[PDB]
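Just the one chain here, the form deposited without the ligand, laid out as structure tokens.
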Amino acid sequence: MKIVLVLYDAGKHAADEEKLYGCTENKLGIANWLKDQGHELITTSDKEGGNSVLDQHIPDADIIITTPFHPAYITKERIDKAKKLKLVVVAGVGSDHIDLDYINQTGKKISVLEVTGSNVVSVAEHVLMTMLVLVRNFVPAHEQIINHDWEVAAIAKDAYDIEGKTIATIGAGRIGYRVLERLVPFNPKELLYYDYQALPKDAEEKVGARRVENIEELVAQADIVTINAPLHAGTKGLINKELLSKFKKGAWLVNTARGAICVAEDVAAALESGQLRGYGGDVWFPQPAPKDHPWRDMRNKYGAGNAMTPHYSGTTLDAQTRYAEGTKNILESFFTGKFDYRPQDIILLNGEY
């Protein structure tokens, strides 16, 4: 079979770190395994334009492997020309870039699977780190040192302990709950959550969480808000100026789910005006963020309150090992004809939900 694998070029960075599996130069660490079975692997990062390498091999590709960190868009046109396509794998979590609805609508026997759960711990750690960095005012603290200054009172005037604060998550799924687990020993005043379905009673009691019924009430009483909910019609532009004015004055806000859940200019305005004390996360809209994206230069009144990073929380070396191993398990189930997929990994089974 012909496998096409779309990843980013890591350049010289690939050669320093051989554990960096998710690049074109290291090919998820499965290139030899695919060769041993007897299979043709096409690896490329060129995914844009009609004449791209990806489009030259789509007509006869049996399998396409993509990643959310260099996402090849599987469009209606591309699916039309994919005569032999049987399986699409996301080496990671996230299928925004796949036209799932059209595949289902045409009747083609195409399976779409992802490595469910490979990213949850990585992202949840990123949230807590981001929380601590913002609350404890770490960014200006470190900037002082490498600028060769020493002025504690400039740092301490906006520095707080995370102990004794009310922390709220919008969304209590895999990521949001594991965030709540890690906050317990820090002794928050209260842990709150809002979601479209209740946490199981036993899960709720393990973390001492309280469910709030509507979002305006949740953010009104929370010192810290973290966004851990999927992007659909209900959450698109959810964080706009009207809701932000309902936030506790001087709150902290973390978002690692999807940049489009926020209105970029409203968040920046709130940080400048003081409605927010800090904003941090690793998701942007548009993504990758242009040089002019307002979230790059936004700062609270003190020149701080920005804990932004590129989209890498889920591409740590430990997560990549899980992506590579999960992709191998998925291909194994498909090559052998067993189709013994993990149920949580199936997005579409032969064109069906």
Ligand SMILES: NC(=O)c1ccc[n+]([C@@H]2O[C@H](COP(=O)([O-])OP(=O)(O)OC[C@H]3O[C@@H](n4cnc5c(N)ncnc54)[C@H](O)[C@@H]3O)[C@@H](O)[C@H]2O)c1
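We number the residues from 1 along the sequence you see.
Keep in mind the form deposited with the ligand bound is missing from the figure; the text below concerns it.
Overlaying the ligand from its position in the deposited bound form leaves no ligand atom within 2.4 angstroms of any backbone or C-beta atom here, which marks the pocket as open.
Taking the partner from elsewhere, residue 102 is found to have every heavy atom lying beyond 4.5 Å of the ligand in the deposited bound form.
Taking non-hydrogen atoms only, residue 311 approaches the ligand to within 4.5 angstroms in the deposited bound form. Interface residue remark: residue 195 is counted as part of the site for the ligand in the deposited bound form, having a heavy atom within 4.5 Å. In the deposited bound form, the ligand sits within 4.5 Å of a heavy atom of residue 69. Put simply, of 83, 232, 157, 201 only one has a heavy atom within 4.5 Å of the ligand in the deposited bound form, and it is 232. Between the ligand and the residues 222, 89, 175, 253, the one pair within 4.5 Å by heavy atoms in the deposited bound form involves 175. In summary, the region of this chain contacting the ligand in the deposited bound form, judged by heavy atoms within 4.5 Å and restricted to 282-290, 36-44, 297-305, 22-30, corresponds to 282-290. Of all the residues from 94-131, those having a non-hydrogen atom no more than 4.5 Å from the ligand in the deposited bound form are 94, 96, 119, 120, 123. Among the listed residues (118, 54, 65, 279), the one located at the hinge where rigid parts rotate relative to each other between this form and the one not shown is 118.
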